[PDB]
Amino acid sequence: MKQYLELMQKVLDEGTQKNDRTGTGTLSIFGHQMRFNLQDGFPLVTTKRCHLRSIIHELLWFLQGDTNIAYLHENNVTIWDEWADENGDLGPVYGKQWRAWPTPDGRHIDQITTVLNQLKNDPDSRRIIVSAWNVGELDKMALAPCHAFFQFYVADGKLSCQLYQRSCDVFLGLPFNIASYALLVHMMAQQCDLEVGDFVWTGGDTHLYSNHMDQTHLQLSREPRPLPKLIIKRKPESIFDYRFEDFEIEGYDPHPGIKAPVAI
C-alpha cells in the first residue's frame, strides 16, 4: 500500500537506533498517522501476501472475550504461541478487556455492547471508545496491548474509527493490525446499518527490527496493486454471531510472501 510503503521508508530515513526489550535492536520513529478511506477498498497489503484466516480468527477470538489460544489452535492459528503459558493462557489481554473490564467493586463492563448501543442510540457521542489499557491488570498480561485504544465516529451516515497503537512492528504486526480493524469497522457498520468511513491509524513507537532490513528493502521495490474488496456474505443476529465462513475477499492479487523471524 502507498501510505504503508511510505512509512516503511520514513523509518529507514529517519529512524533512531534503539536497544529494545528483546535485545534485537530497532530503527524507530515516534508519532505517525495514516488514514484509509474504506470506500476505496480493503486495506490488505498487496506488496506481500497476507493470510486472512489468522487475521479473522484472532478478531472473532477477541469478540468472544477469549484469552486462551485453544480456540486459535482448533483453527490452525499459531500467532500467539510464544507468549502463552503452559496452559495456553495469555492473561486478561485484549479479549477480556473488550468484553469484561473488571470494575474495582467486582462488576464487569462490556465495552463492545456499550459501543453497539451508543452507535444505535447516540451516534453523535464523542465517547464511543474501547480501551484495552487497563492499568490495574497490566502486570497480569503476557504482553502489554500494542493496539490499546480505539474510538468510533459517525458523520453523514458513515462509520469511521481511529486506533492508537503504542508500539508497532512495521514489517510483521502493522499489515495485520490494519486489516483486523478495517474488518471490525465493516462488521460494526453492517450491524448498525451504516456505510464505512475512514480508518485512522495513529502509532507511538513505530519501528523496524534490525533483522528485517533485507525483507524491508525487498518489499520497497514492489509496486502496490489495486486494493481488494471485502464481501460479507450474511448478516448475523449480532456482532458476536460472525463465523469465518462469512467473509470473502475479491480481487486480492498480491506479490509473493516474505518470510521473517519474530522478536520474542
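One rule holds for the numbers: they count along the sequence shown, beginning at 1. Take the two forms, superpose them, and find the largest set of C-alpha atoms that agree within 1.5 Å; that set is the rigid core.
**Q** How do 197 to 205 and 22 to 30 compare in 4 other deposited structures of this protein: which one has C-alphas farther from this form after the rigid core is matched?
**A** Farther from the shown form on average in 4 other deposited structures of this protein: 22 to 30.
**Q** Higher average CA B factor in the deposited record is what I'm after, so tell me if that's 216 to 224 or 66 to 74.
**A** Result: 66 to 74.
**Q** Pick between 186 to 194 and 126 to 134: the one whose mean CA B-factor in the entry is higher.
**A** Averaging CA B-factors over each stretch, the winner is 186 to 194.
**Q** Of the choices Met1, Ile258, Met8, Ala263, which one's C-alpha carries the largest B-factor in the record?
**A** Answer for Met1, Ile258, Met8, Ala263: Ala263, with the highest C-alpha B-factor.
**Q** Return the residue from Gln162, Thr114, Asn121, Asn87 that has the highest Cα B-factor in the entry.
**A** Checking the PDB record, the top C-alpha B-factor among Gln162, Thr114, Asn121, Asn87 is at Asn87.
**Q** Could you say whether, by C-alpha temperature factor, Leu44 belongs to the lowest, middle or highest third of its chain?
**A** Ranked within chain, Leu44 CA B lands in the middle tercile.
**Q** Lowest, middle or highest third of the chain for the C-alpha temperature factor of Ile232?
**A** Highest third, going by the recorded CA B-factors of the chain.
**Q** Would you mind checking where the Cα B-factor of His57 ranks among the modelled residues of its chain, as the lowest, middle or highest third?
**A** Tercile = middle for this residue's CA B-factor.
**Q** Using the temperature factors of the C-alpha atoms in this entry, rank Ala179 within its chain: lowest, middle or highest third.
**A** Lowest third, going by the recorded CA B-factors of the chain.
**Q** What third of its chain's C-alpha B-factors does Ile79 belong to: lowest, middle or highest?
**A** Within its chain, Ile79 is a highest-third residue by C-alpha B-factor, going by the deposited values.
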